[PDB]
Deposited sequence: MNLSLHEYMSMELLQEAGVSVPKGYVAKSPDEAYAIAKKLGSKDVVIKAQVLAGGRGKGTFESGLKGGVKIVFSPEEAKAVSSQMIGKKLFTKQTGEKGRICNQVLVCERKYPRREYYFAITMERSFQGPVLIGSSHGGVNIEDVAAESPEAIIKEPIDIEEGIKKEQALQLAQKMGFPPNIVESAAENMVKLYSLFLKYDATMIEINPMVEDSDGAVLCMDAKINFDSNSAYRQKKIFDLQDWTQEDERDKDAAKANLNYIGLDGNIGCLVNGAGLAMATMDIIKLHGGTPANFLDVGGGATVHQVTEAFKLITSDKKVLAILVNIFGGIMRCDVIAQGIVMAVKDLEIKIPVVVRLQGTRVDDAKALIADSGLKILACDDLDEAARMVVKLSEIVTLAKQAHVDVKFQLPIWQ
C-alpha cells in the first residue's frame, strides 16, 4: 500500500516529526478557505495523486506556489477532478480528486534522508546526503561519495550515536545535529511500527528559524504486513477479488499463474512483436471465480484485442475458462496454453464445446498466435471491417 502525501505527513505529525502546516482541499472552494486560513499570501498547492508531469488540463507540474486565496482556487481548479500524466503512469494517468494546501517554507539548506530495508545489508539502513532537494539516483551516479549509509541492527534498534554521526556527516550545523538525530530516531520508530519498506524524506531541511523539518515524505508499506497494519490499510476490483493485477499500456491480455511465469509471459509477448496489457497472477488455489474476475478485469479494458492465458498445472482449469467466456460475452480471440494433468481431454474440451478458443502446447507457439491474432484485429479496425475466425481441430 501507499498513501497520499497528506496521509503520510499526518503520520509523522503523530510521531512528533515536525511537518509544514497544511490542510487538504477536495474542491476549489475549500482551497480558498484553507489559503485564507494560512495568511492569504504565500501558499503552496500540492496535488495528491497516488509530481513533475503534465495534467490533462494543460498545466505542467503538480506543486505550485500561489500568492492569494483567489489564485489558490483557480490553480486547484485545473488539478482537482483532472488527471496527471507522468512517465511512471504510462499513456494513461492517475486522477487527482484533492490537493494539499500547505504553508510556504523558506529553506536554508536541503538534505536527503531515507530509511529502507536493503538486501545488501540484510536489514534497515539509514541513508543520508547533503545533496537534498534533488533526484537521488542522479547523485548516486554523479557523486556516490555524497551518499552515506548507516546500517541498523534489527535487535538492538537505532542508537542515538548512529543518528548523531550521520547528521554531522550529512553537513548539519552542530547546533541542530541533535534535533536532526532526534527526527531520524523518530522516523526509525515510524519505520518499524507501520512495517514500512522505505521512508524517504526529500528534502529534510533546516528552517529559516534554524529548525530541522521534513518538507516531503514518501512512505512505502509492506503489503505482507496488512494483517497487523489495520490503521494504514484502511486509508480496480482486482484487490476486491484478491488478484495480483497491474494494468499496463499494451493491448494483449495476460492471465498467468505464478508471478515469475506472468512476467515471462509479458516478456515473450513483447519478444514476438506484441505489447502486454497487464500483469496478473492468479497463483495457487485459483477457483472458478478468480478466472472469471480475472477475465472480467482484462476485458474491462476496451483496448485489449486478444487474451493469452498461460497456466502450468487440466480439464477443471479449462472448464473455468469456458464458463467465464460464455457469461461475459467475450468476442476477442483467446489463446490458451495449459500444462499439467489432462492436456488431451482439456484441449478437446475447449475445441469440441462451442466457443472460438485456441489451445496451444508450446509457449512460443501461443505467443506468436496471440500476437498475430491481435494484429488481425488491429488491421480489421483500421480497415473498418469485422473479422470472424474459424479455427482448426
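Sequence ranges absent from the coordinates, based on the deposited chain and numbered from 1: Gaps in the modelled chain, taken against the deposited sequence, lie at 1-2, 53-56, 242-251, 330-333, 414-415.
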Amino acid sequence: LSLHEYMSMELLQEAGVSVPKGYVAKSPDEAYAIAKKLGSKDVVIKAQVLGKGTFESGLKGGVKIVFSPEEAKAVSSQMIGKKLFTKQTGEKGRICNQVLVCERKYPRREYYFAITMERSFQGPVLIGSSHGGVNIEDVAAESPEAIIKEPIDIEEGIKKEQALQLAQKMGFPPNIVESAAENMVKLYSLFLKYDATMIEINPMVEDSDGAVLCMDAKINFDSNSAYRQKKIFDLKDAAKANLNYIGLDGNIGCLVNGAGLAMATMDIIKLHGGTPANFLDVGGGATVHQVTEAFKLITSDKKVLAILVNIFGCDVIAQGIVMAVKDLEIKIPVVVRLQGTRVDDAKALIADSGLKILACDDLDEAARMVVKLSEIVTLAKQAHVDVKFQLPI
From here on, numbers count along this sequence of modelled residues.
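Stretch with the greater mean C-alpha B-factor as recorded in the entry, comparing 69-77 against 83-91: Mean B over CA atoms: larger for 83-91.
Selected stretch [higher average CA B-factor]: 199-207 or 92-100: If you average the C-alpha B-factors of 199-207 and of 92-100, the larger mean comes out for 92-100.
Deposited CA B-factor, highest of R337, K326, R368, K64: Spelled out: the listed residue with the top C-alpha B-factor is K326.
Most elevated Cα B-factor in the entry, residues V185, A239, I311, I268: The listed residue with the largest C-alpha B-factor is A239.
B-factor third for the C-alpha atom of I148 within its chain: Within its chain, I148 is a middle-third residue by C-alpha B-factor, going by the deposited values.
CA B-factor placement of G157, once the chain's modelled residues are sorted into thirds: For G157, whose C-alpha B-factor we compare with every modelled residue in the chain, the answer is the middle third.
Third of chain Cα B-factors occupied by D42: Middle third.
Within-chain third of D364 by Cα B-factor, per the entry: As the PDB entry reports it, the C-alpha B-factor of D364 lands in the lowest third of its chain.
Assigned third (lowest, middle, highest) for the C-alpha B factor of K230: For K230, whose C-alpha B-factor we compare with every modelled residue in the chain, the answer is the middle third.
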